[PDB]
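Participant: Pasting a structure here, questions to come.
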Amino acid sequence: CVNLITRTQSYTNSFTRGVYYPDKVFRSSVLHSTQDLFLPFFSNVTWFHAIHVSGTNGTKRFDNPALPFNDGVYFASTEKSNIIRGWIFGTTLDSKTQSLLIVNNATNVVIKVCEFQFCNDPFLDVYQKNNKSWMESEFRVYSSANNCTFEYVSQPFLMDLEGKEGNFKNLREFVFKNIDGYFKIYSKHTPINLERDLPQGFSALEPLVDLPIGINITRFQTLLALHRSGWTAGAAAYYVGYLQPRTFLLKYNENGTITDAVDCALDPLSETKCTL
Amino acid sequence: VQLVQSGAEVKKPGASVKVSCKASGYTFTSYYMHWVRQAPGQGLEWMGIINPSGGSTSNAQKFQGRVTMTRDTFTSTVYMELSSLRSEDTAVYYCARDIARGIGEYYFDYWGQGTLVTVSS
Amino acid sequence: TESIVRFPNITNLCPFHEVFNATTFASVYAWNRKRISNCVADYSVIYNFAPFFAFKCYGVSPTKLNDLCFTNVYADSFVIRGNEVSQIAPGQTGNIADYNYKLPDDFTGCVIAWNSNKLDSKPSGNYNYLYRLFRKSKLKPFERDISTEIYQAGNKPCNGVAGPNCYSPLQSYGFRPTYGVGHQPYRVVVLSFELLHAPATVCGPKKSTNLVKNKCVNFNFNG
Amino acid sequence: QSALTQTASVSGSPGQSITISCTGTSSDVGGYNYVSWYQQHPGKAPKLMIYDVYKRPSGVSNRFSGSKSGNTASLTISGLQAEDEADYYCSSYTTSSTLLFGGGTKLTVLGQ
Ligand SMILES: *[C@@H]1O[C@H](CO)[C@@H](O)[C@H](O)[C@H]1NC(C)=O
Ligand SMILES: *[C@@H]1O[C@H](CO)[C@@H](O)[C@H](O)[C@H]1NC(C)=O
Ligand SMILES: *[C@@H]1O[C@H](CO)[C@@H](O)[C@H](O)[C@H]1NC(C)=O
Ligand SMILES: *[C@@H]1O[C@H](CO)[C@@H](O)[C@H](O)[C@H]1NC(C)=O
Ligand SMILES: *[C@@H]1O[C@H](CO)[C@@H](O)[C@H](O)[C@H]1NC(C)=O
Ligand SMILES: *[C@@H]1O[C@H](CO)[C@@H](O)[C@H](O)[C@H]1NC(C)=O
Ligand SMILES: *[C@@H]1O[C@H](CO)[C@@H](O)[C@H](O)[C@H]1NC(C)=O
């Protein structure tokens, strides 16, 4: 396997994001006060912008991808046409333990929790075989496929960039929460206009998959898709946050939807509205 | 995948030395190639990188500009050079390769062969 | 008026042929945890298996058991020395409770234990099944501890040597037929239940009657 | 610079499991999570034994395990046989754009 992707750094304030349905209930016009794992309001969320060059002037740079998994994350990419393709949540990313391999090609999602040989820089190679020959992916992410359990092979996770009307499309948000032997993944794809950085708005999230597997996941890093020509100049926009145990008051709407919330802790004003 | 360097070389103090290492068994341009030093019986030291794809020719601040490493892909060799050596180094030199395809992380293996550049009055 | 018990339409029996009458139960320090999901519980085969020395169900009652259900359960396997058969009960301390296996203080499942000495033991003796004799501290509930670090029982830093004041954390019993029936090796199966917060998935083949509304209901709907 | 300085010499016995330490600037080890533990067999070229904190390459017999807490690193050699009298060297990428090699740990085992 090859090591080629490098990552830059930045910081930004996640104004108000991460509120999600804790469970499926039709609670309508209900001021619930659920306490669970959430993303703190106005928290400093990083802005990883993984960048790749075709390969020349190696200029001694060390690799430096690495990411922790304290509680849950808030991977909230913004990129338009699918390049972010999946995540490799694990604890050692070696032949010793288990690790998820969420992979989202054009027609399926391939969650394949398994002892993998993830090397220092995984990535999906989409290579051109013939003049057209459709599109084919391969394996530089893993090289072992050791003893492990079954897959999940569901409908594609990220949608197929429905962008006909000419806008800067969905702010893809996911909240990967691991608890009590379950993997809970939520999703939401609220569209945005040209220049956005997760504006105001208390938009909620919906559960997508509740994976029954239970692991000691403590680290992760997202899989990019490099279009083979040596590969073309890739790019990405990570938005890895970090969840904290916070108490929220959720302001459910008429049609069971969530439209407003408050963290009860940012300000004494917020606390007073939290205790009513 | 075994590497090879030049033979033992000797120079008087205050002179130049030009050592060479040749790669084999893999794609020379893909992998990095480092240079290291250690006085006889003393701790190791690391020079820099000669990434064959494009001359990076890095070095530590201690040797900044003193060492001028050059690549050669056609012969699959690495050329590493000194300047103004007066009994300071007189050490054993190893051409180093790192465990990485493409952009590299400084974890060394396949430490060449080993050459004893010797300088003394 | 009428009772409705509308349940999911499925008949795949939950795995039990490979839970009780399995090949060999793992040792207490390497206990299995076979998650059970997306099937129908058939607890009748459990009673069909054998008369059990212990069957204390700390969550629900065995007769109450066969006709209710939860999200998803777990079956844990053991073979243990005869003294500590009762130690699987929630809340205790011994060779196994604080070092090998401890149920949560609010355990809501079932515990099963029966003879295997005449079934699975050797006249020459079996050492396959081990037990964690020594550990640094109490083992947290529902935790699988597997490391074999040598306990620091002496002032001298042992660092893996085998000698005085250097005791390996793992030991084994004898498992001989020439043992009293009151202490001979005993297999254990432990079942765990949740509190029905998430939708129920796995339970007994209760017939899903027809749905009738607008008049009166003994609604069940999996709870 | 040579900020990473480890034990000058350590001793052990056959069968015992001695740990050698890597000490240097806490920025170098605390800031970045890269350490390396190249062995040095006397009279010939060194070689790697664990390329990351706890990631072993091929052909190391899974005898060496790494650790890290702020400014700590070790191999935890299992047996400390007679062949392990070879010198040991630590190294880690720096906060600055350079690589520092430790010097020392001339390990000794019974037999003299
Ligand atoms: C955001 O918080 C991080 C803490 O990880 C800090 O390093 C960064 O400087 C902060 N940036 C801003 C703009 O507040
Ligand atoms: C997409 O992934 C699914 C996984 O089930 C696989 O069957 C299919 O062949 C893949 N298609 C392409 C074009 O990669
Ligand atoms: C996986 O576990 C099995 C069962 O112990 C073992 O035989 C095998 O070597 C392990 N590794 C792989 C890659 O299958
Ligand atoms: C997960 O791995 C870390 C790595 O040291 C360890 O400290 C922790 O105890 C592990 N947790 C579980 C539940 O195994
Ligand atoms: C609920 O749905 C109805 C149907 O379109 C809509 O008119 C109403 O505004 C919705 N309520 C909200 C969005 O709060
Ligand atoms: C990049 O590489 C080319 C040749 O590969 C070289 O001429 C150029 O000087 C390099 N860039 C720098 C900044 O050294
Ligand atoms: C299930 O129990 C029966 C009881 O006689 C036994 O014959 C059979 O071998 C058991 N199943 C397995 C897989 O051992």
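A note on labels: chains of the structure tokens are A, B, ... as shown, every chain counts residues from 1, and ligands are counted from 1 in their shown order.
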List all protein, DNA and RNA residues that have an atom no more than 8 Å from any atom of ligand 4, counting only C-alpha atoms and all ligand atoms, and report them as an mmCIF file with N, CA, C and O atoms, in the first residue's frame.
Facilitator:
data_model
loop_
_atom_site.group_PDB
_atom_site.id
_atom_site.type_symbol
_atom_site.label_atom_id
_atom_site.label_comp_id
_atom_site.auth_asym_id
_atom_site.auth_seq_id
_atom_site.Cartn_x
_atom_site.Cartn_y
_atom_site.Cartn_z
ATOM 1 N N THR A 91 -9.365 0.710 16.915
ATOM 2 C CA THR A 91 -8.576 1.005 18.102
ATOM 3 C C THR A 91 -7.079 0.856 17.897
ATOM 4 O O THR A 91 -6.312 1.530 18.585
ATOM 5 N N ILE A 215 -17.130 -2.782 19.903
ATOM 6 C CA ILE A 215 -15.674 -2.796 19.851
ATOM 7 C C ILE A 215 -15.150 -1.741 20.819
ATOM 8 O O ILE A 215 -15.912 -0.996 21.437
ATOM 9 N N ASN A 216 -13.826 -1.686 20.943
ATOM 10 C CA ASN A 216 -13.120 -0.708 21.767
ATOM 11 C C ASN A 216 -12.619 0.460 20.926
ATOM 12 O O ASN A 216 -11.511 0.960 21.135
ATOM 13 N N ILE A 217 -13.418 0.888 19.946
ATOM 14 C CA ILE A 217 -12.994 1.913 18.998
ATOM 15 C C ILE A 217 -12.504 3.144 19.737
ATOM 16 O O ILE A 217 -13.188 3.671 20.622
ATOM 17 N N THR A 218 -11.303 3.601 19.382
ATOM 18 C CA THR A 218 -10.735 4.797 19.984
ATOM 19 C C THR A 218 -10.033 5.704 18.986
ATOM 20 O O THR A 218 -9.543 6.763 19.388
ATOM 21 N N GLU C 143 -17.127 -7.481 31.669
ATOM 22 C CA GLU C 143 -15.837 -7.154 31.083
ATOM 23 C C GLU C 143 -15.057 -8.433 30.823
ATOM 24 O O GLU C 143 -15.025 -9.336 31.662
ATOM 25 N N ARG C 144 -14.418 -8.489 29.660
ATOM 26 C CA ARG C 144 -13.657 -9.649 29.206
ATOM 27 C C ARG C 144 -12.175 -9.329 29.380
ATOM 28 O O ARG C 144 -11.559 -8.700 28.519
#
Participant: Show me which residues sit within 9 Å of ligand 7 when counting only C-alpha atoms and all ligand atoms, and put them as a list in words.
Facilitator: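 Result of the 9 Å neighbour search around ligand 7: residues 16, 17, 18, 19, 20, 21, 22, 23, 24 and 49 of chain C.
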Participant: Please list as a ChimeraX atom specification every residue within 8 Å of residue 74 in chain A, counting only C-alpha atoms and excluding residues in the same chain fewer than 6 positions away.
Facilitator: /A:18,39,173-176,239-243
Participant: Just C-alpha atoms for this one: save the residues we selected as a short mmCIF file (atom, residue, chain, number, x, y, z; two decimals), in the first residue's frame.
Facilitator:
data_model
loop_
_atom_site.label_atom_id
_atom_site.label_comp_id
_atom_site.auth_asym_id
_atom_site.auth_seq_id
_atom_site.Cartn_x
_atom_site.Cartn_y
_atom_site.Cartn_z
CA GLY A 18 -25.34 17.95 16.13
CA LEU A 39 -21.99 18.33 20.43
CA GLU A 173 -23.49 15.65 8.57
CA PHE A 174 -22.90 12.43 10.48
CA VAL A 175 -22.63 11.74 14.21
CA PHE A 176 -20.83 8.46 14.89
CA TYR A 239 -15.31 18.70 9.93
CA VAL A 240 -14.39 16.37 12.80
CA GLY A 241 -15.97 17.61 16.02
CA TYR A 242 -16.08 15.84 19.35
CA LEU A 243 -19.16 15.02 21.40
#
Participant: For chain D, work out the contacting residues on chain B at 9 Å, counting only C-alpha atoms, and write them as JSON, numbers by chain.
Facilitator: {"B": [42, 43, 44, 45, 46, 47, 48, 59, 60, 61, 62, 94, 99, 105, 106, 107, 108, 109, 110, 111, 112, 113, 114]}
Participant: For the strand (DSSP E) assignment from backbone DSSP, which residues of range 9-120 of chain B qualify? Please present them as a PyMOL selection string.
Facilitator: chain B and resi 9-11+18-22+34-38+44-49+70-72+77-81+92-98+108-109+115-119
Participant: Give the residue list for ligand 5 at 7 Å, counting only C-alpha atoms and all ligand atoms, as a ChimeraX atom specification, sorted by chain and then by residue number.
Facilitator: /A:253-255
Participant: Write out the residues from the selection above, keeping N, CA and C atoms, as a tab-separated table (two decimals), in the first residue's frame.
Facilitator:
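Heads up, here's the output in result_16.tsv:
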chain	number	residue	atom	x	y	z
A	253	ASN	N	-41.33	19.96	17.11
A	253	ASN	CA	-42.27	20.73	16.31
A	253	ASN	C	-43.60	19.97	16.20
A	254	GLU	N	-44.46	20.43	15.29
A	254	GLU	CA	-45.78	19.82	15.15
A	254	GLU	C	-45.69	18.42	14.54
A	255	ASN	N	-44.92	18.27	13.46
A	255	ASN	CA	-44.84	16.99	12.77
A	255	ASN	C	-43.70	16.13	13.31
Participant: Residues up to 12 Å from ligand 3, counting only C-alpha atoms and all ligand atoms: could you list those as a VMD selection string?
Facilitator: chain A and resid 94 to 98 114 to 117 143 to 149
Participant: Can you spit out the residues from that selection as a PDB file, in the first residue's frame, using N, CA and C atoms?
Facilitator:
ATOM      1  N   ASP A  94      -4.679  -2.466  13.075  1.00  0.00           N
ATOM      2  CA  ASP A  94      -3.657  -3.471  12.824  1.00  0.00           C
ATOM      3  C   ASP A  94      -4.305  -4.849  12.776  1.00  0.00           C
ATOM      4  N   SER A  95      -3.468  -5.874  12.639  1.00  0.00           N
ATOM      5  CA  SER A  95      -3.927  -7.255  12.591  1.00  0.00           C
ATOM      6  C   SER A  95      -4.289  -7.808  13.960  1.00  0.00           C
ATOM      7  N   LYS A  96      -4.399  -6.959  14.977  1.00  0.00           N
ATOM      8  CA  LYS A  96      -4.630  -7.436  16.332  1.00  0.00           C
ATOM      9  C   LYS A  96      -6.097  -7.347  16.740  1.00  0.00           C
ATOM     10  N   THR A  97      -6.769  -6.258  16.391  1.00  0.00           N
ATOM     11  CA  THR A  97      -8.121  -5.996  16.862  1.00  0.00           C
ATOM     12  C   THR A  97      -9.075  -5.820  15.685  1.00  0.00           C
ATOM     13  N   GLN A  98     -10.315  -5.471  16.014  1.00  0.00           N
ATOM     14  CA  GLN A  98     -11.352  -5.230  15.028  1.00  0.00           C
ATOM     15  C   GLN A  98     -11.330  -3.770  14.578  1.00  0.00           C
ATOM     16  N   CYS A 114     -13.875  -5.932  10.659  1.00  0.00           N
ATOM     17  CA  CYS A 114     -12.953  -7.034  10.439  1.00  0.00           C
ATOM     18  C   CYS A 114     -11.550  -6.592  10.821  1.00  0.00           C
ATOM     19  N   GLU A 115     -10.735  -7.554  11.245  1.00  0.00           N
ATOM     20  CA  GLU A 115      -9.334  -7.277  11.541  1.00  0.00           C
ATOM     21  C   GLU A 115      -8.616  -6.944  10.242  1.00  0.00           C
ATOM     22  N   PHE A 116      -8.237  -5.683  10.080  1.00  0.00           N
ATOM     23  CA  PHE A 116      -7.661  -5.201   8.838  1.00  0.00           C
ATOM     24  C   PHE A 116      -6.215  -4.771   9.042  1.00  0.00           C
ATOM     25  N   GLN A 117      -5.478  -4.738   7.934  1.00  0.00           N
ATOM     26  CA  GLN A 117      -4.077  -4.326   7.911  1.00  0.00           C
ATOM     27  C   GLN A 117      -3.928  -2.888   7.442  1.00  0.00           C
ATOM     28  N   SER A 143      -4.997  -5.016   3.558  1.00  0.00           N
ATOM     29  CA  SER A 143      -4.295  -6.110   2.904  1.00  0.00           C
ATOM     30  C   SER A 143      -4.422  -7.440   3.640  1.00  0.00           C
ATOM     31  N   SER A 144      -5.254  -7.537   4.676  1.00  0.00           N
ATOM     32  CA  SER A 144      -5.317  -8.748   5.487  1.00  0.00           C
ATOM     33  C   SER A 144      -6.658  -9.464   5.387  1.00  0.00           C
ATOM     34  N   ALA A 145      -7.758  -8.797   5.736  1.00  0.00           N
ATOM     35  CA  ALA A 145      -9.083  -9.415   5.794  1.00  0.00           C
ATOM     36  C   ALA A 145      -9.054 -10.685   6.646  1.00  0.00           C
ATOM     37  N   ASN A 146      -8.777 -10.491   7.931  1.00  0.00           N
ATOM     38  CA  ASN A 146      -8.523 -11.593   8.850  1.00  0.00           C
ATOM     39  C   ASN A 146      -9.837 -12.181   9.365  1.00  0.00           C
ATOM     40  N   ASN A 147      -9.745 -13.000  10.413  1.00  0.00           N
ATOM     41  CA  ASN A 147     -10.931 -13.569  11.043  1.00  0.00           C
ATOM     42  C   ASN A 147     -11.848 -12.453  11.526  1.00  0.00           C
ATOM     43  N   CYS A 148     -13.140 -12.574  11.245  1.00  0.00           N
ATOM     44  CA  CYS A 148     -14.070 -11.502  11.592  1.00  0.00           C
ATOM     45  C   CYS A 148     -15.506 -11.953  11.353  1.00  0.00           C
ATOM     46  N   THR A 149     -16.429 -11.014  11.539  1.00  0.00           N
ATOM     47  CA  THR A 149     -17.860 -11.231  11.470  1.00  0.00           C
ATOM     48  C   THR A 149     -18.400 -10.758  10.122  1.00  0.00           C
TER      49      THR A 149
END
Participant: Under the rule of at most 12 Å, produce a per-residue listing of chain A near ligand 2: chain, number, name, the closest pair of atoms, and the distance in Å, as CSV, using only C-alpha atoms and all ligand atoms.
Facilitator:
residue,atom,partner,partner_atom_place_in_ligand_line,distance
A:85,CA,ligand 2,2 (O),11.7
A:102,CA,ligand 2,4 (C),10.8
A:103,CA,ligand 2,2 (O),8.1
A:104,CA,ligand 2,2 (O),7.2
A:105,CA,ligand 2,1 (C),5.0
A:106,CA,ligand 2,1 (C),6.1
A:107,CA,ligand 2,1 (C),5.3
A:108,CA,ligand 2,2 (O),4.8
A:109,CA,ligand 2,4 (C),6.3
A:110,CA,ligand 2,4 (C),5.5
A:111,CA,ligand 2,4 (C),9.2
A:112,CA,ligand 2,4 (C),10.1
A:124,CA,ligand 2,14 (O),10.7
A:125,CA,ligand 2,14 (O),10.7
A:126,CA,ligand 2,14 (O),8.8
A:127,CA,ligand 2,14 (O),10.8
A:128,CA,ligand 2,13 (C),11.8
A:133,CA,ligand 2,13 (C),10.3
A:134,CA,ligand 2,13 (C),7.5
A:135,CA,ligand 2,13 (C),5.9
A:136,CA,ligand 2,14 (O),5.3
A:137,CA,ligand 2,14 (O),5.5
A:138,CA,ligand 2,14 (O),8.3
A:139,CA,ligand 2,14 (O),11.2
A:151,CA,ligand 2,5 (O),9.2
A:152,CA,ligand 2,5 (O),8.9
A:153,CA,ligand 2,5 (O),5.4
A:154,CA,ligand 2,5 (O),7.8
A:155,CA,ligand 2,5 (O),9.1
A:156,CA,ligand 2,2 (O),8.8
A:157,CA,ligand 2,2 (O),11.6
Participant: Could you list, as a VMD selection string, all residues that come within 6 Å of ligand 6? Count only C-alpha atoms and all ligand atoms.
Facilitator: (chain A and resid 57) or (chain B and resid 53 to 56)
